[PDB]
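This document starts with one chain, in the form deposited in one PDB entry, laid out as structure tokens.
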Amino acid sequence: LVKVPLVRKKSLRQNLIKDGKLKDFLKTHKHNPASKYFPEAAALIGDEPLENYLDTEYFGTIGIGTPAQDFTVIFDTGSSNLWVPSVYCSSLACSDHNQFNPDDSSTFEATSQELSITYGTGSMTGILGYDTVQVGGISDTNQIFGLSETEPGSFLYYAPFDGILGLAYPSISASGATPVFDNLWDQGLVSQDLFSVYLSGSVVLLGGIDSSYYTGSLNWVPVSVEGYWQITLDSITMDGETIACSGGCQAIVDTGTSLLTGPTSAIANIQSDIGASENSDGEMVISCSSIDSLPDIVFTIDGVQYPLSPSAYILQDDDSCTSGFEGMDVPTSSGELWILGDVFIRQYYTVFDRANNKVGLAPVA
């Protein structure tokens, strides 16, 4: 089976906290995760292009070129581009990361096309090139990717990743560059037009489904809008009570974030009920000792119930327990939108099917 092992590491946020940098940032910027998903939710003043990856926790490794140069990357279902930093990246922030040197690669082919990458909070500038990408043991030849050269923000210096490998639909790829998964499929390098994610780290399984990772039967849900891995949510309940998504709503399955993210108001209510409070470094801490007294939250999808127990929605680290919930302000006309991140995936093995445009889910084993 083609397996890409994932390692769980402290987040960019945690690193910012530990260096005492987060406070100042937050005082002068207004963070809205909604900006990754809507061209309209952007920050007016965006000097931190990677702000939206504050909370990513799982990373994988890929090789690029001949012979291979390695990089740690985020396997992101909420984006579609592949990019890594160029050796030409002079910025301070590029300094202790792996960078790609095209001169060292006998298979590299330059292009004159510019890459402009944005995740809603400022842009990164670079160049597009082709090379062979080593992923899960496979050699993905003629893969177009970006080499970033301009200021990526101070956040990169503290990030546990070098770059990002997008897993969404091609419709949302900047410059229409072909995504990794599409090129693999196009070249007949994978068994089937689908992929699955298992979080313990865990693995990204390319072109397969492994029954060892779940119990029960898989439940299939159609993708409702092709672009992100977007589905229809039926409701959200907390103590038998409907707390949000009344009469249905939209949800995006996103591996590039660890948290459950939803509209500010629903969220403010949930935080209050679970006993969380916000600290200086701007986190919602909860007492670890209070876990056993919390209620489950249930998402109903296509008429099936997916409960998350407190042990699931509350993150337990070193020196702390933190809330796995976060809020965002979605645009006007946009309807209610929830984002399902690691917290959810860690409990429900997820299958991403491109052949049929559906998502499948089942309780982990």
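Throughout, we count residues from 1 along the sequence that is shown.
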Unresolved deposited residues in the interval that joins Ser200 and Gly201
4 to 9
Select between 47-55 and 297-305 the stretch whose C-alpha atoms have the higher average B-factor in the entry.
297-305
For the stretches 353-361 and 13-21, which has the higher mean C-alpha B-factor as given in the deposited record?
13-21
Residue set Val221, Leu165, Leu115, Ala251, per-entry CA B-factor max assigned to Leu115
Residue, from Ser173, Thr77, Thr264, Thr141, that the PDB entry assigns the highest Cα B-factor:
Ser173
Sorting the chain's modelled residues by C-alpha B-factor, tell me whether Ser333 ends up in the lowest, middle or highest third.
highest
Once the chain's modelled residues are ordered by C-alpha B factor and cut into thirds, is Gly137 in the lowest, middle or highest one?
highest
Based on the entry's values, in what third of the chain does the Cα temperature factor of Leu92 lie: lowest, middle or highest?
highest
Determine, from the deposited record, the chain-internal third of the Cα B-factor for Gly63: lowest, middle or highest.
lowest
Name the third of the chain's ranked CA B-factors that contains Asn279, choosing lowest, middle or highest.
highest
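We do not show the form deposited with a small molecule bound, though everything after this point is about it.
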Classify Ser148 as contacting or not contacting the small molecule in the entry with it bound by the rule of any non-hydrogen atom within 4.5 angstroms, answering yes or no.
no
Since only the chain is shown here, I'm wondering whether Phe195 would be in contact with the small molecule in the entry with it bound (any heavy atom pair within 4.5 Å).
no
Report yes if any heavy atom of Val330 sits within 4.5 Å of a heavy atom of the small molecule in the entry with it bound; otherwise report no.
yes
My question is simply whether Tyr228 lines the interface with the small molecule in the entry with it bound - judged by any non-hydrogen atom within 4.5 Å.
yes
Considering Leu156, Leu206, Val133, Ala251, which brings a non-hydrogen atom within 4.5 Å of the small molecule in the entry with it bound?
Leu156
Name the stretch, out of 100-108, 242-250, 119-127, 265-273, where some heavy atom lies within 4.5 Å of the small molecule in the entry with it bound.
119-127
